[PDB]
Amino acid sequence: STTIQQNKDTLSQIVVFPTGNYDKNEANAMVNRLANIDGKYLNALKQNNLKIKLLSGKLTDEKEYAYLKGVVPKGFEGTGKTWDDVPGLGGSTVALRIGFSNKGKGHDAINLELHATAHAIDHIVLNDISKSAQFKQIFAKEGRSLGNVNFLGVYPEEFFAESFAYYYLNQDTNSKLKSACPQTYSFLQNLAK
């Protein structure tokens, strides 16, 4: 409980809410789900001045992502979709559409904000650990055990991000990950030590 509050406090210096009208209750719910992330990662994001930008509109309507208009994201070949239609982005920045957290809301991630923030943690905090030799070996074995195998089984950075999301969303997804991907589960456990 005290740790939950600390993580929410840290997130108050990371999360940026949009200007104008937006769903305040859902944005709060999204912050609450992010507070389940281990505090070590959240503190590292804050220290790196990583902002989690919540959006009330399309990602590409933000000045800094306008360059992605019409661009097909990695792994989205054949979907008929471009960044204009994608509700979240993670990496050197994080941007998320409010209301699109759940699987099937324009994406098939277990949770939008956790998956996108995992990309930022991978890249900014852990220096692209998902491309390390260690994780590539884990990914070679377990990367096709969580579904969407033409995406999660092909890009180790996506397998990492989604496994991270399973680990931190709730107790049920945490248990599912341990059953399906035990070496990934232990890897993430040891990462958080």
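Sequential numbering from 1, following the sequence displayed.
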Going by the mean C-alpha B-factor recorded in the entry, which is higher: 156-164 or 38-46?
38-46
Between 125-133 and 56-64, which has the higher average C-alpha B-factor in the PDB entry?
56-64
Highest recorded Cα temperature factor - choice among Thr82, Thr117, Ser92, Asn111
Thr82
Place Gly104 in the lowest, middle or highest third of its chain's C-alpha B-factors, as listed in the PDB entry.
highest
So where's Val15 on the chain's Cα temperature factor ranking, which third?
middle
Can you work out whether the C-alpha temperature factor of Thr184 puts it in the lowest, middle or highest third of the chain?
highest
Grab the CA temperature factor for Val31 from the record and place it in the lowest, middle or highest third of its chain.
lowest
Third of the chain, ranked by Cα B-factor, where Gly88 sits
lowest
